[PDB]
Structures are given as C-alpha cells and as structure tokens.
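Reviewing the structure listed below.
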2 protein chains.
Amino acid sequence: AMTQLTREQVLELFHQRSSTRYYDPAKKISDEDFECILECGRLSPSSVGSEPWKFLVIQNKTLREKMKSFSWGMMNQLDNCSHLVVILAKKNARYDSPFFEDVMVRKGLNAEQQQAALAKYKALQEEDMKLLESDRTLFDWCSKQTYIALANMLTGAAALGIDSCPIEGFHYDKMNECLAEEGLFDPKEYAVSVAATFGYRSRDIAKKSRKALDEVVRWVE
Amino acid sequence: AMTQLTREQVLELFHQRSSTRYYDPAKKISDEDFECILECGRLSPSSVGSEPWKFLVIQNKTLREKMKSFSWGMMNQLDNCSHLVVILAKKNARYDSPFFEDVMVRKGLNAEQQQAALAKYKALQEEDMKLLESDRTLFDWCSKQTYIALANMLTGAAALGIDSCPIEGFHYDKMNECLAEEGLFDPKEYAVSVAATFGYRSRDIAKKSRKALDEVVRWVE
Ligand SMILES: Cc1cc2nc3c(=O)[nH]c(=O)nc-3n(C[C@H](O)[C@H](O)[C@H](O)COP(=O)(O)O)c2cc1C
Ligand SMILES: Cc1cc2nc3c(=O)[nH]c(=O)nc-3n(C[C@H](O)[C@H](O)[C@H](O)COP(=O)(O)O)c2cc1C
Ligand SMILES: [Ca+2]
Ligand SMILES: [Ca+2]
Ligand SMILES: [Cl-]
Ligand SMILES: [Cl-]
C-alpha cells in the first residue's frame, strides 16, 4: 500500500521542520539516512525534467573552516553540523544546448518528439517566462528548481528525525570562487545556488511565527 | 511524540509524488485536506523569514476557462483538477521597505535589533547575493522562496494521498495581467511566480526518471 499520513501528522512534520542554528557536535547522521536525504533532492520535480542541480557534500573540516570568513549565515553551524550541502544550479541552460539534449533523452524522445519539445522549450524560455533576457535570468530559473530540491531535503530530513537549516547567508562570489578553486565543479557549467546544513539540534525547536492563513490565501470562487 | 518515518516510507512518498496531467473530474479534495495543503505552504521556511508569497486559489470555472488560451502546460488539467493555486511573489522586497519592517516585527525586534537586522539584510541583498542589480533579480529572489512553498504543498498533498502538478507552462505577462484585472492582487506589490494543480489522478503514477545519484552528488571529504 501507499505511504499516507493524517492531516495532524503532516502538520506535526511541518512544525518539527525548523531552522536549526545550534547543532550537537557529538551526533552524526548515518550514511544511510544521509543518502536518503540526498535521494529526496534527486527525486524532486523540476521544470521540464531539467534536474538542473548538483549537490556538493562538504565534510572536509579545513574547507568548512575556510568558509567561515564569508558565511555569516552559517558560522555557528559549520563547526557543529553533521553534514553540509552546497547546491549548484546549471548555467546557460538554453533550450538549444547540449544540456537540454540530455534532458530529452532521459524521457526517450525520438527526433520528431524532440522537435516538438524544442519548440515548447523555446516558447517557454523566450516568450512565456522571458528567461533569455540575460545570463542571470536564465541561471535564476534553474536556481528556482534547486529550491524545490532544497525544500524536499529539509522535509525528508525532518521526516527521518533529522534537523536542518537552509542557508543563503554567504558571499556568493567568494563561495563560487572557493569551491571552483577546489575543483568541485566546472564554473563554466554550474554556479552556487543555495546551501543547507543537517544534524541534530542542541536546543529546543523554535515555535513557528508566520503570517496568518487569511493574510496569505485569497480564494477565487 | 514526534512524527517520524522510515527511510523506506520517505522514499515511497517521493515516488508517489509525481506530476499529474490527468485528473478524475468526479473527485474533489475536501476543504479540510486543502486547508492542510495550504498550511504546508504557509509553514514553509523562507530567507530571513520573509514569507514573500500569496496563494491564489482559482476555483472559478470561467476564470479557469480563460486561462486555457495562454496556459499550454495545464490545459488538460484546468477542466479536471480539483484545486488550482497560483503563487505570487513579492515585488521590490528591498531591505529598507515597509515589507521588511513587517518581516522584523513577526520576529519582535526592538529598535537596536532592527538596526542590526537591517545591516544584515542590506549586506545580503547588496553585496552577498547582489540582488539590487535590477527589479527582476530582486523579484526572482522572492520567487525562489515561493518554490519552497510549492515543493512543500506538493509533498504535503502527496502525504495526504492527493495528486498534484507544478506548473510553469503559461504566458507570465498574460497571466499577471489577467489575474490583476480580476482584482486578485495589487500588481505594484506582487507578481505571478508559479502555479500548481491538485486532485486525484485518472491514470497510473508514472515511474521516476532521474539522473543517477552518482551523477548529481559530489562528496568532499
Ligand atoms: C533559502 C533560505 C535561506 C536562509 N538562509 C539562512 C541563513 O543563512 N542562516 C540562517 O540561520 N537561517 C537562514 N534561513 C532560515 C530562515 O531564517 C527561516 O526559515 C525563517 O526565519 C523561518 O524559521 P523556521 O525555518 O524555523 O520556520 C534561510 C531560509 C531559507 C528558506
Ligand atoms: C516549477 C515546475 C514547473 C513545471 N511546469 C509544468 C507544466 O507547466 N506542465 C506540466 O505538465 N508539468 C510541469 N512540470 C512537471 C515536470 O515536467 C516534472 O516535474 C518532471 O518531468 C519530473 O516528473 P515527476 O514530477 O512526475 O517526477 C513542472 C515542474 C516544475 C517543478
Ligand atoms: Ca508502503
Ligand atoms: Ca505526534
Ligand atoms: Cl561540473
Ligand atoms: Cl496585494
């Protein structure tokens, strides 16, 4: 049968998922649990099946130490967290690129289906979403897809009883340069999108503070 | 106690979550289940607690019909899905805006804490992430946060046994103009980010096709 939760269980999960700034350095996530977290990212949906992401798992302590200088949003977490993921997004993911040829093959499209798909992707990028305005608009489209993978990794971790924190608080140019200089990706192909820490909290879970549902929802009947 | 799943259950959930293009028009999501889905969006994390989203629930059939002309990615789904959400993202969410004053209050910051937070947000936007390059770069930052809310709504729906589909396949300028002309938001304040349909599938769940874990993960020990 299928895995299914009650509404109460779903809400519990989303109140357990919180941004963890204080991790217990004595508790490490198992290799099995961490592989499951990564699989939540891998299995995430993405526009046109583009999967425009790479997951860098930064366990090396010397590299984490170097990041402290320019990563104010995770300074405390770098020494204490079990695992750190830096998510990259694909650069220059144009409809007519070799990257997109591979997207289509993972679907198994023949020449005619590829022709129709290419026309759809061109319309999506050029006219519907206007992504071809600049390199940054096209990069940011791929980056949006990586935030889906991020969200699913945080939620999957929480479902396994593992704490996490999403991270934007770092100097992106310095982070890109540092990780490229370490040989972790080709900077012509990918650039840093967002990061996340994972581990076990050393403090209580902070209560949710959010705008009310009536503030954020408008119903059009 | 806390809600917790096994690795096998988490993976099942992420294989059950699939992009549903074919919905059974006879099956409607209950008001209670749909409120739970919306709460998964509301409870989502967001950079600096910005929550830069609105959720428009488009149930009106005449409005759905109008969208068909310019929404190729959800044409089939518009007539058959139970619920449709169009997610908006905040425009011009500058660190020094009234929008950001409210972000800080939901945290309860006094004048000195606000001063420190404003300095952090200014550094994040101006220098770390370089969001102030253009209106679009700043909008796309908020839009990225809305993709977290999207992902969590899809996953929460799947956990409740409800099918969904994320949607970018529409003309954004036409969609913005149409929904603003209906009075659903102030177009000076928000613009369309991404959409999603929800309902019960009329076909089998399609098997996952993804790049292998070894393709997308790089481990830095
Ligand atoms: C993309 C993103 C980036 C964030 N960056 C940071 C960060 O650098 N450091 C940090 O401590 N929190 C960071 N946060 C956490 C937010 O401040 C947090 O989600 C928000 O205040 C709501 O709290 P909650 O996640 O505990 O519900 C980030 C959140 C998101 C989604
Ligand atoms: C942001 C986003 C936008 C998408 N837009 C559409 C769309 O307009 N129409 C559609 O049928 N599928 C759309 N998809 C679904 C993707 O094609 C799908 O996620 C991908 O092919 C993987 O299939 P799966 O979600 O079933 O695992 C979109 C996905 C995402 C994440
Ligand atoms: Ca099962
Ligand atoms: Ca419980
Ligand atoms: Cl690479
Ligand atoms: Cl508004």
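How things are named: the first chain in the structure tokens is A, the next is B, and so on; residues count from 1 in each chain; ligands count from 1 in the order shown.
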(request) Throw together the list of residues within 6 Å of ligand 3, counting only C-alpha atoms and all ligand atoms, and drop it here as a list in words. (result) residues 1, 2 and 3 of chain A
Restricting the output to C-alpha atoms, write the selected residues as a short mmCIF file (atom, residue, chain, number, x, y, z; two decimals), in the first residue's frame.
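out-v2.cif, written as the output of this step:
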data_model
loop_
_atom_site.label_atom_id
_atom_site.label_comp_id
_atom_site.auth_asym_id
_atom_site.auth_seq_id
_atom_site.Cartn_x
_atom_site.Cartn_y
_atom_site.Cartn_z
CA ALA A 1 0.00 0.00 0.00
CA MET A 2 0.93 3.67 -0.23
CA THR A 3 2.51 5.79 2.49
#
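Look at residue 20 of chain A: the protein and nucleic acid residues within 10 Å of it, using only C-alpha atoms and passing over chain neighbours fewer than 2 places away, are residues 17, 18, 22, 23, 74, 77, 81, 163, 164, 165, 166, 197, 198, 199, 200, 201, 202, 203, 204, 205 and 206 of chain A.
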Output file for the residues above (C-alpha atoms, as an mmCIF file, in the first residue's frame):
data_model
loop_
_atom_site.group_PDB
_atom_site.id
_atom_site.type_symbol
_atom_site.label_atom_id
_atom_site.label_comp_id
_atom_site.auth_asym_id
_atom_site.auth_seq_id
_atom_site.Cartn_x
_atom_site.Cartn_y
_atom_site.Cartn_z
ATOM 1 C CA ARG A 17 10.994 21.154 10.446
ATOM 2 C CA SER A 18 12.645 24.319 11.755
ATOM 3 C CA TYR A 22 22.611 25.092 17.136
ATOM 4 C CA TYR A 23 23.758 21.536 16.476
ATOM 5 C CA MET A 74 26.105 29.504 8.990
ATOM 6 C CA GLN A 77 26.690 25.675 12.211
ATOM 7 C CA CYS A 81 26.605 20.291 11.957
ATOM 8 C CA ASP A 163 17.310 18.723 11.917
ATOM 9 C CA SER A 164 18.404 21.112 9.198
ATOM 10 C CA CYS A 165 18.841 24.738 8.197
ATOM 11 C CA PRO A 166 18.572 26.307 4.719
ATOM 12 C CA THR A 197 23.130 22.129 6.997
ATOM 13 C CA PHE A 198 21.918 18.910 8.618
ATOM 14 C CA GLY A 199 22.394 17.358 12.040
ATOM 15 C CA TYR A 200 20.825 17.029 15.469
ATOM 16 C CA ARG A 201 19.719 20.100 17.408
ATOM 17 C CA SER A 202 21.281 21.149 20.704
ATOM 18 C CA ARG A 203 18.353 23.444 21.652
ATOM 19 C CA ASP A 204 14.570 23.171 21.651
ATOM 20 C CA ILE A 205 12.628 23.571 18.401
ATOM 21 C CA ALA A 206 11.594 27.204 17.988
#
(request) Please return as a list in words: the residues of segment 107-197 of chain A that backbone DSSP assigns to strand (DSSP E). (result) residues 163, 164, 165, 166, 167, 190, 191, 192, 193, 194, 195, 196 and 197 of chain A
Dump of N, CA and C atoms for the selected residues, as an mmCIF file, in the first residue's frame:
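Output file result-v8.cif is given in full below:
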data_model
loop_
_atom_site.group_PDB
_atom_site.id
_atom_site.type_symbol
_atom_site.label_atom_id
_atom_site.label_comp_id
_atom_site.auth_asym_id
_atom_site.auth_seq_id
_atom_site.Cartn_x
_atom_site.Cartn_y
_atom_site.Cartn_z
ATOM 1 N N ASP A 163 17.450 17.281 11.983
ATOM 2 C CA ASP A 163 17.310 18.723 11.917
ATOM 3 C C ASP A 163 18.137 19.303 10.773
ATOM 4 N N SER A 164 17.767 20.510 10.357
ATOM 5 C CA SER A 164 18.404 21.112 9.198
ATOM 6 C C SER A 164 18.294 22.628 9.282
ATOM 7 N N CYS A 165 19.000 23.299 8.374
ATOM 8 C CA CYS A 165 18.841 24.738 8.197
ATOM 9 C C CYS A 165 19.146 25.098 6.751
ATOM 10 N N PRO A 166 18.230 25.754 6.036
ATOM 11 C CA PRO A 166 18.572 26.307 4.719
ATOM 12 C C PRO A 166 19.427 27.554 4.899
ATOM 13 N N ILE A 167 20.315 27.809 3.925
ATOM 14 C CA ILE A 167 21.355 28.834 4.061
ATOM 15 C C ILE A 167 21.529 29.627 2.767
ATOM 16 N N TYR A 190 28.182 25.313 -13.921
ATOM 17 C CA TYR A 190 27.328 25.430 -12.745
ATOM 18 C C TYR A 190 27.819 26.598 -11.905
ATOM 19 N N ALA A 191 26.934 27.110 -11.047
ATOM 20 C CA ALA A 191 27.303 28.092 -10.036
ATOM 21 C C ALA A 191 26.468 27.842 -8.790
ATOM 22 N N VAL A 192 26.953 28.371 -7.667
ATOM 23 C CA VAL A 192 26.301 28.133 -6.388
ATOM 24 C C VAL A 192 24.902 28.736 -6.358
ATOM 25 N N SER A 193 23.949 27.961 -5.838
ATOM 26 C CA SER A 193 22.561 28.376 -5.734
ATOM 27 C C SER A 193 22.121 28.623 -4.297
ATOM 28 N N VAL A 194 22.320 27.656 -3.407
ATOM 29 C CA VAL A 194 21.837 27.746 -2.028
ATOM 30 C C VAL A 194 22.494 26.602 -1.267
ATOM 31 N N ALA A 195 22.490 26.678 0.065
ATOM 32 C CA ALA A 195 23.139 25.654 0.876
ATOM 33 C C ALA A 195 22.181 25.170 1.961
ATOM 34 N N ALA A 196 22.585 24.112 2.663
ATOM 35 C CA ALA A 196 21.796 23.600 3.774
ATOM 36 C C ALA A 196 22.702 22.811 4.703
ATOM 37 N N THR A 197 22.475 22.960 6.001
ATOM 38 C CA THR A 197 23.130 22.129 6.997
ATOM 39 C C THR A 197 22.141 21.099 7.535
#
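Each residue with an atom within 6 Å of any atom of ligand 1 appears in the list, which was built counting only C-alpha atoms and all ligand atoms: residues 18, 19, 21, 73, 74, 166, 167, 168, 169 and 208 of chain A; 45, 46, 47, 48 and 49 of chain B.
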Output for the residues just chosen: C-alpha atoms as a PDB file, in the first residue's frame:
ATOM      1  CA  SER A  18      12.645  24.319  11.755  1.00  0.00           C
ATOM      2  CA  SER A  19      15.790  26.285  11.027  1.00  0.00           C
ATOM      3  CA  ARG A  21      21.249  27.170  14.256  1.00  0.00           C
ATOM      4  CA  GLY A  73      24.600  32.861   7.999  1.00  0.00           C
ATOM      5  CA  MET A  74      26.105  29.504   8.990  1.00  0.00           C
ATOM      6  CA  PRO A 166      18.572  26.307   4.719  1.00  0.00           C
ATOM      7  CA  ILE A 167      21.355  28.834   4.061  1.00  0.00           C
ATOM      8  CA  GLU A 168      21.722  31.928   1.830  1.00  0.00           C
ATOM      9  CA  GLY A 169      23.873  33.952   4.239  1.00  0.00           C
ATOM     10  CA  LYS A 208       6.578  28.820  14.227  1.00  0.00           C
TER      11      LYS A 208
ATOM     12  CA  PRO B  45      10.782  28.380   5.534  1.00  0.00           C
ATOM     13  CA  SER B  46      11.908  31.448   3.620  1.00  0.00           C
ATOM     14  CA  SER B  47      15.056  33.547   3.577  1.00  0.00           C
ATOM     15  CA  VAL B  48      15.104  35.933   6.571  1.00  0.00           C
ATOM     16  CA  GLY B  49      11.537  34.860   7.422  1.00  0.00           C
TER      17      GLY B  49
END
(request) Report the distance between atom CA of residue 115 of chain B and atom CA of residue 96 of chain B in Å, rounded to one decimal place. (result) 10.7 Å
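Closest approach to chain B from the set A:15, A:90, A:68, A:27 is made by A:15, with distances taken over only C-alpha atoms.
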(request) Please identify all polymer residues within 9 Å of residue 125 of chain A, counting only C-alpha atoms, omitting same-chain residues fewer than 5 positions from it, and present them as a PyMOL selection string. (result) chain A and resi 94-95+120+130-132+138
Restrict the selected residues to C-alpha atoms and save them as a PDB file, in the first residue's frame.
ATOM      1  CA  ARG A  94      19.199  27.214 -23.052  1.00  0.00           C
ATOM      2  CA  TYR A  95      16.590  25.138 -24.896  1.00  0.00           C
ATOM      3  CA  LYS A 120       7.867  24.092 -26.494  1.00  0.00           C
ATOM      4  CA  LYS A 130      11.300  35.657 -20.784  1.00  0.00           C
ATOM      5  CA  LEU A 131      14.380  33.902 -19.459  1.00  0.00           C
ATOM      6  CA  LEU A 132      16.707  34.814 -22.308  1.00  0.00           C
ATOM      7  CA  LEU A 138      18.306  32.024 -17.106  1.00  0.00           C
TER       8      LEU A 138
END
(request) Check which residues fall inside 10 Å of ligand 4 when counting only C-alpha atoms and all ligand atoms, and print them as JSON, numbers by chain. (result) {"A": [8, 9, 10, 11, 12, 13], "B": [1, 2, 3, 4]}
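Each of A:217, A:114, A:212, A:148 was checked against ligand 6 using only C-alpha atoms and all ligand atoms; the smallest atom-to-atom distance is that of A:217.
Closest approach to ligand 5 among A:111, A:26, A:87, A:216: A:87, based on only C-alpha atoms and all ligand atoms.
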(request) Output the contact residues of chain A with respect to chain B at a cut-off of 7 Å, based on only C-alpha atoms, as a VMD selection string. (result) chain A and resid 3 to 7 9 to 10 12 to 14 33 36 40 42 to 43 53 to 60 106 124 128 to 129 140 144 147 to 148 151 to 152 156 159 to 161 169 to 172 209 to 210 213 216 to 221
(message) Taking only segment 80-117 of chain B into account, list the residues labelled alpha helix (DSSP H) by DSSP (computed from the backbone), as a ChimeraX atom specification.
(response) /B:80,98-105,111-117
(request) Excluding residue 188 of chain A and any residue of its chain fewer than 5 positions from it, enumerate the residues within 10 Å of it, using only C-alpha atoms, and give them as number ranges by chain. (result) A: 90-92, 180
(message) Just checking: using only C-alpha atoms and all ligand atoms, which residue out of B:69, B:113, B:76, B:30 ends up closest to ligand 2?
(response) B:76
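Between ligand 2 and the residues A:104, A:29, A:75, A:84, the shortest atom-to-atom distance, using only C-alpha atoms and all ligand atoms, involves A:104.
Among A:135, A:186, A:101, A:65, the residue with the shortest atom-to-atom distance to ligand 5, counting only C-alpha atoms and all ligand atoms, is A:186.
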